Amino acid sequence: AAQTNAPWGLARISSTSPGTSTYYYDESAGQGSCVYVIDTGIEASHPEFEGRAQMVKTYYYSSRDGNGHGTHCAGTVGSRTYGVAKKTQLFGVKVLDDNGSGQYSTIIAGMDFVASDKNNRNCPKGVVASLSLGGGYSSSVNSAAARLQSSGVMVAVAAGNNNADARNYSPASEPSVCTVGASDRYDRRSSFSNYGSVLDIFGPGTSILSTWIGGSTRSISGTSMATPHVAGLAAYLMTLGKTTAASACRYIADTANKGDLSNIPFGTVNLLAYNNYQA
Ligand SMILES: [Ca+2]
């Protein structure tokens with residue numbers, strides 16, 4: 001399949017070079033996989049989700065996304081126009097309030113929720129979780145992310161937006177999950193992107209067009225935006241049978257575009273997520 005005039009990040013994920021505008025992908029498009037978006041919620045009624053999105057849990061007085069950031073992330077995972085895996089099922093877990101904040105205890109509860117909840121869903125091709133959030137180092141937060149991964153969920157987490165070593169942030173610093181840095185359309189490390197040995201991969205994170213609340217769309221930037229590209233890619237690859245939740249991060253790194261990013265600090269991987277799709 002070919003989607004012309006796609007957002008730059010989608011085009012980048014299916015290209016060996018920057019500067020193109022068509023997204024190429026296998027028509028299976030993540031069908032039979034599921035992705036949990038653990039965030040401010042998802043506006044499931046957005047036409048872009050085509051009935052494939054649903055809220056499954058909230059820790060607040062509503063499951064509505066009153067912020068937009070969860071909806072944006074979900075759109076990059078699996079919306080018809082803005083998504084990597086255009087046929088995946090999307091499950092929203094609202095651990096962040098409408099200001100985008102959340103107590104670590106709530107975030108941890110949300111991760112343990114997903115580890116159990118997947119047993120209540122039909123995801124024959126596999127399960128992914130996208131965590132576009134983080135804070136200071138916490139062994140408890142890292143342990144929760146590790147449990148989620150261990151349970152058989154491909155966990156992708158944002159590296160963080162501090163232009164600093166991600167070793168000091170959680171869940172970014174958890175070794176067993178897939179920690180995602182951000183790049184821009186000219187293959188530069190995004191100016192705000194964290195880095196360090198704990199990073200596994202980079203994805204598009206600067207000026208990313210996706211869904212927003214009120215049935216709208218929006219371009220925003222962050223490692224929060226890079227993470228769902230990788231989560232969607234994992235779901236897509238699992239549907240193709242190329243990899244599994246336990247090995248998807250390794251597979252993505254193995255098949256990434258290598259050495260193509262600029263301003264990657266010595267000691268950080270120079271790897272950009274790539275679907276290796278040959279039309
Ligand atoms: Ca890792």
# chains A, B, ... in the order shown; residues from 1 in each chain; ligands from 1
call {"tool": "residues_near_ligand", "arguments": {"ligand": "ligand 1", "cutoff": "7 Å", "atoms": "only C-alpha atoms and all ligand atoms", "output": "VMD selection string"}}
result
chain A and resid 174 to 179 198 to 200
call {"tool": "residues_around", "arguments": {"residues": "residue A:112", "least_positions_apart": "2", "cutoff": "8 Å", "atoms": "only C-alpha atoms", "output": "CSV table (one decimal) with N, CA and C atoms, in the first residue's frame"}}
result
chain,number,residue,atom,x,y,z
A,108,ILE,N,1.6,3.4,37.7
A,108,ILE,CA,2.0,2.0,38.0
A,108,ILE,C,0.7,1.1,38.0
A,109,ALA,N,-0.4,1.6,38.6
A,109,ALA,CA,-1.6,0.8,38.6
A,109,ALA,C,-2.1,0.6,37.1
A,110,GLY,N,-1.9,1.6,36.3
A,110,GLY,CA,-2.3,1.5,34.9
A,110,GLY,C,-1.5,0.5,34.1
A,114,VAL,N,-2.9,-3.1,32.4
A,114,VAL,CA,-2.7,-3.6,31.0
A,114,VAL,C,-2.2,-5.0,31.0
A,115,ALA,N,-1.3,-5.3,31.9
A,115,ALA,CA,-0.7,-6.7,32.0
A,115,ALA,C,-1.8,-7.8,32.2
A,116,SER,N,-2.9,-7.4,33.0
A,116,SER,CA,-4.0,-8.3,33.2
A,116,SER,C,-5.0,-8.2,32.1
A,144,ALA,N,7.4,-1.7,37.3
A,144,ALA,CA,6.1,-1.8,36.7
A,144,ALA,C,6.2,-2.0,35.2
A,147,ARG,N,7.5,-5.5,34.5
A,147,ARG,CA,6.5,-6.5,34.7
A,147,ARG,C,5.6,-6.5,33.4
A,148,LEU,N,5.2,-5.3,32.9
A,148,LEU,CA,4.3,-5.3,31.8
A,148,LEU,C,5.0,-5.9,30.6
call {"tool": "residues_around", "arguments": {"residues": "stretch 34-46 of chain A", "least_positions_apart": "3", "cutoff": "7 Å", "atoms": "only C-alpha atoms", "output": "MDAnalysis selection string"}}
result
chainID A and resid 49 53:55 63:65 67 69:71 74 88:98 100 123 126:132 213 215 235
call {"tool": "atom_distance", "arguments": {"atom1": "atom CA of residue A:31", "atom2": "atom CA of residue A:239"}}
result
6.4 Å
call {"tool": "closest_residue", "arguments": {"among": "A:28, A:4, A:16, A:194", "to": "residue A:255", "atoms": "only C-alpha atoms"}}
result
A:16
call {"tool": "residues_around", "arguments": {"residues": "stretch 134-143 of chain A", "least_positions_apart": "4", "cutoff": "6 Å", "atoms": "only C-alpha atoms", "output": "PyMOL selection string"}}
result
chain A and resi 168-171+174
call {"tool": "write_last_selection", "arguments": {"atoms": "N, CA and C atoms", "output": "PDB file, in the first residue's frame"}}
result
ATOM      1  N   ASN A 168      18.393   9.005  34.101  1.00  0.00           N
ATOM      2  CA  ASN A 168      17.835   9.661  35.283  1.00  0.00           C
ATOM      3  C   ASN A 168      16.322   9.827  35.252  1.00  0.00           C
ATOM      4  N   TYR A 169      15.667   9.121  34.334  1.00  0.00           N
ATOM      5  CA  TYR A 169      14.226   9.238  34.151  1.00  0.00           C
ATOM      6  C   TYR A 169      13.572   7.859  34.086  1.00  0.00           C
ATOM      7  N   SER A 170      12.306   7.791  34.493  1.00  0.00           N
ATOM      8  CA  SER A 170      11.536   6.548  34.486  1.00  0.00           C
ATOM      9  C   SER A 170      10.183   6.757  33.822  1.00  0.00           C
ATOM     10  N   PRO A 171       9.694   5.741  33.087  1.00  0.00           N
ATOM     11  CA  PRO A 171      10.312   4.436  32.839  1.00  0.00           C
ATOM     12  C   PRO A 171      11.420   4.369  31.768  1.00  0.00           C
ATOM     13  N   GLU A 174      14.401   1.961  32.336  1.00  0.00           N
ATOM     14  CA  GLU A 174      14.213   0.521  32.506  1.00  0.00           C
ATOM     15  C   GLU A 174      14.834  -0.234  31.327  1.00  0.00           C
TER      16      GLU A 174
END
call {"tool": "residues_around", "arguments": {"residues": "residue A:47", "least_positions_apart": "3", "cutoff": "10 Å", "atoms": "only C-alpha atoms", "output": "PyMOL selection string"}}
result
chain A and resi 43-44+50-52+79-80+211+215-216
call {"tool": "closest_residue", "arguments": {"among": "A:102, A:152, A:32, A:204", "to": "residue A:228", "atoms": "only C-alpha atoms"}}
result
A:204
call {"tool": "select_by_dssp", "arguments": {"residues": "stretch 43-264 of chain A", "states": "strand (DSSP E)", "output": "ChimeraX atom specification"}}
result
/A:53-58,89-94,126-131,135-136,154-158,169-170,178-183,201-204,208-212,216-220,257-258
call {"tool": "write_last_selection", "arguments": {"atoms": "C-alpha atoms", "output": "PDB file, in the first residue's frame"}}
result
ATOM      1  CA  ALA A  53     -10.503   2.877  19.448  1.00  0.00           C
ATOM      2  CA  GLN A  54     -12.072   2.454  22.885  1.00  0.00           C
ATOM      3  CA  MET A  55     -11.422   3.630  26.428  1.00  0.00           C
ATOM      4  CA  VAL A  56     -10.915   0.674  28.750  1.00  0.00           C
ATOM      5  CA  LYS A  57      -9.794   2.308  32.016  1.00  0.00           C
ATOM      6  CA  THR A  58      -9.581   5.610  33.847  1.00  0.00           C
ATOM      7  CA  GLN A  89      -7.219  -1.974  17.831  1.00  0.00           C
ATOM      8  CA  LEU A  90      -6.548   0.898  20.219  1.00  0.00           C
ATOM      9  CA  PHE A  91      -7.234   0.718  23.968  1.00  0.00           C
ATOM     10  CA  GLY A  92      -7.047   3.863  26.075  1.00  0.00           C
ATOM     11  CA  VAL A  93      -5.899   3.838  29.696  1.00  0.00           C
ATOM     12  CA  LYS A  94      -6.208   7.259  31.299  1.00  0.00           C
ATOM     13  CA  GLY A 126       0.159  -9.526  19.753  1.00  0.00           C
ATOM     14  CA  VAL A 127      -0.079  -6.688  22.242  1.00  0.00           C
ATOM     15  CA  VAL A 128       1.832  -3.394  22.477  1.00  0.00           C
ATOM     16  CA  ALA A 129       1.766  -0.573  25.025  1.00  0.00           C
ATOM     17  CA  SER A 130       2.768   3.009  24.242  1.00  0.00           C
ATOM     18  CA  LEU A 131       3.852   5.107  27.246  1.00  0.00           C
ATOM     19  CA  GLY A 135       9.396  11.649  35.382  1.00  0.00           C
ATOM     20  CA  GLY A 136      12.429  11.314  37.634  1.00  0.00           C
ATOM     21  CA  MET A 154       5.827  -4.925  23.759  1.00  0.00           C
ATOM     22  CA  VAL A 155       6.447  -1.818  25.857  1.00  0.00           C
ATOM     23  CA  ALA A 156       7.593   1.375  24.129  1.00  0.00           C
ATOM     24  CA  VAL A 157       8.386   4.361  26.361  1.00  0.00           C
ATOM     25  CA  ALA A 158       9.428   7.951  25.675  1.00  0.00           C
ATOM     26  CA  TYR A 169      14.226   9.238  34.151  1.00  0.00           C
ATOM     27  CA  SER A 170      11.536   6.548  34.486  1.00  0.00           C
ATOM     28  CA  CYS A 178      12.019  -0.111  24.368  1.00  0.00           C
ATOM     29  CA  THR A 179      13.149   3.454  25.065  1.00  0.00           C
ATOM     30  CA  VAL A 180      12.486   5.847  22.193  1.00  0.00           C
ATOM     31  CA  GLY A 181      14.290   9.087  21.311  1.00  0.00           C
ATOM     32  CA  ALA A 182      13.041  11.711  18.854  1.00  0.00           C
ATOM     33  CA  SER A 183      14.334  12.850  15.454  1.00  0.00           C
ATOM     34  CA  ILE A 201      15.778   3.466  18.987  1.00  0.00           C
ATOM     35  CA  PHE A 202      14.788   6.835  17.527  1.00  0.00           C
ATOM     36  CA  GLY A 203      11.521   7.715  15.835  1.00  0.00           C
ATOM     37  CA  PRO A 204      10.013  10.856  14.283  1.00  0.00           C
ATOM     38  CA  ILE A 208       4.184  15.458  14.046  1.00  0.00           C
ATOM     39  CA  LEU A 209       0.670  15.836  12.627  1.00  0.00           C
ATOM     40  CA  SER A 210      -1.978  13.679  14.267  1.00  0.00           C
ATOM     41  CA  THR A 211      -5.477  13.617  15.729  1.00  0.00           C
ATOM     42  CA  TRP A 212      -6.639  15.964  18.475  1.00  0.00           C
ATOM     43  CA  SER A 216      -9.519  17.997  15.034  1.00  0.00           C
ATOM     44  CA  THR A 217      -5.835  17.632  14.103  1.00  0.00           C
ATOM     45  CA  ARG A 218      -2.667  19.190  15.340  1.00  0.00           C
ATOM     46  CA  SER A 219       1.133  19.201  14.863  1.00  0.00           C
ATOM     47  CA  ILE A 220       3.163  18.895  18.083  1.00  0.00           C
ATOM     48  CA  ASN A 257      18.264   2.667   9.443  1.00  0.00           C
ATOM     49  CA  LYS A 258      21.777   2.856  10.898  1.00  0.00           C
TER      50      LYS A 258
END
